[PDB]
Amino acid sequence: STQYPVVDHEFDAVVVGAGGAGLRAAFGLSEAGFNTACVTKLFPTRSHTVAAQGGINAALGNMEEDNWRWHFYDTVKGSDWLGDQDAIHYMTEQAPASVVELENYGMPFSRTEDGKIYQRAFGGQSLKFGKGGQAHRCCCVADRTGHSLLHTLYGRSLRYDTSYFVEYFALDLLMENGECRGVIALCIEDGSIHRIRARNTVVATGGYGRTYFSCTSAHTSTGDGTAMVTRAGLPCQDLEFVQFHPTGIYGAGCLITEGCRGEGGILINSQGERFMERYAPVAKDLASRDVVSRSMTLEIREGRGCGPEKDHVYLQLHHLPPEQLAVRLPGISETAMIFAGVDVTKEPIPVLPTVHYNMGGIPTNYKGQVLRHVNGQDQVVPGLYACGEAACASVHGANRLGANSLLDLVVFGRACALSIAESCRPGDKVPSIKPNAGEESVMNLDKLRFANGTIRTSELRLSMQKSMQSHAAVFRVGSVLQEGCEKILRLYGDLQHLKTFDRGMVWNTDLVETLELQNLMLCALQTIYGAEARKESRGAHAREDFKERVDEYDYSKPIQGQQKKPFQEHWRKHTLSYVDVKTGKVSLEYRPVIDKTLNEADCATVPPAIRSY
């Protein structure tokens, strides 16, 4: 307002995010002939997908003969039947074409005797629809596959004339009468404010792992796009479903890949007994990620910890040949030595279940279109898309399969570009935004720039992180969750009391991290409130007071002659969460999961069954 410069831009499409999803969508749009902008708070390479270690799943059938439908079955089974099968059909069928594409882009996949892309075993995957044993369809660039995926995508991105707004912090969506018009953003370099308007917007901001005190995710996983959707009054989905990766280092919380266990790595308790052989008889320590970490957390509780505090578990690798470890896992071998002082070929690595992936996010079509929920029915938000960890097409549902997100990224990034390319043409009328639009975001920015309160940003962040870590961990109960809720709600009241120090325009990290805090809180509130309301054990969400898996039927017995439960009586449904930004209260609704696939004849629906590995 006369102290802030406003620069208006005009584009066909805006992508908010520069990770796997963000990039693939960005240049995918430009390839289709669209004048595209890409808004990112980091340089694209710095994006989290660089940290990815395991691999990207595709039923290419390079190790043994494979079928993509077998990958479909494994994903839906893993999703604990909260996964939308229309989107899972689409992802797994496209999987081979998407991974071949990447290799053709220049991704340096590890190779075989045949010269084809090397795939490996990974947690939760099987052949012949579960019956035919362990599957090997995890395509990987040694231990640094996410790094390679991001670097080739960025490499490829330079071939097109996409406009990259590097180190620009997206504040809010430009929204007019329910329709999305673009984004308002802060230029970190000079402190200027940029209204970037387009016919279509793609949100690919990734997850919000930083809501917790212990996470494998980067300092920049602050669910910024999630909060942008929230402030628009739109719903988020399944936010209470937080994946705890079994193998995260005991020190800084750094990730050690599931590829360790997929190559032959084992998990060991205090007594030395291979404990994962007891919880999962068939799949063992190569079971689903919700189940493996559940057992690890359980082992600590009955005194089988592996330290001076007795609070972790060992990941054994020294039995595997040294030449195998150096080729298949060069990345973790370095980080285990750096962060824990551990030689992997001699000593085991201290691991602990820590926050990893967010299967919740922005509700979405199999086409990548953001959904609002009106009159108990689904409704497409015009000109708003979302893909990646930020989205929730719920291709992962209640629990994500390992090595499926890097796929989730590449597939639905492409899908967003295709859905735009098929619904409109480049050069179409860019809708006209109001002259005073995005005023609240600038006012929010200005309030936080001069914020002279009593509680420091970092102190309030730590309060939130420790509150989530102890009230909403692997296991949770009604009472602990309810005390967590009214504590997180009290901490939202502390956002009017926050203190900031840096009062500059150029690179005010003090300010952007406080913006990140507002975003994280909105993500935290919806996670904890949705968690306490859900009274069942499904996937990563485990209630000790509600051990049972509550569906429309009791799927343990035959379906023949049984009475179907009403919608508001069972729990096989998506959580839709809203929060009034002023008061900070959480109101929530629910929508049905999609069981029907894209084609029954090509890919049959998989009904709910007993969930165990």
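Don't overthink the numbering: it's just position in the shown sequence, from 1.
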Checklist entry - So 72 to 80 or 474 to 482, which one's hotter by mean CA B-factor in the entry? => result 474 to 482
Item to check | Stretch with the higher entry mean CA B-factor, where the candidates are 502 to 510 and 220 to 228 | outcome: 502 to 510
Checklist entry - If you compare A95, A87, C138, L286, which has the highest Cα B-factor in the entry? => result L286
Next on the checklist: In terms of recorded Cα temperature factor, pick the maximum from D378, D238, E309, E167.
Outcome noted: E309
Next on the checklist: Please say which third, lowest, middle or highest, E31 falls into when its CA temperature factor is compared across its chain.
Outcome noted: lowest
Next on the checklist: Test of reading the entry: by CA B factor among the chain's modelled residues, which third contains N67?
Outcome noted: middle
Checklist entry - Within this chain, which third does the Cα B-factor at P558 fall in: lowest, middle or highest? => result highest
Next on the checklist: Going by the CA temperature factor in the PDB record, which third of the chain does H151 belong to: lowest, middle or highest?
Outcome noted: lowest
Checklist outcome for this item: Sorting the chain's modelled residues by C-alpha B-factor and splitting them into thirds places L409 in the lowest
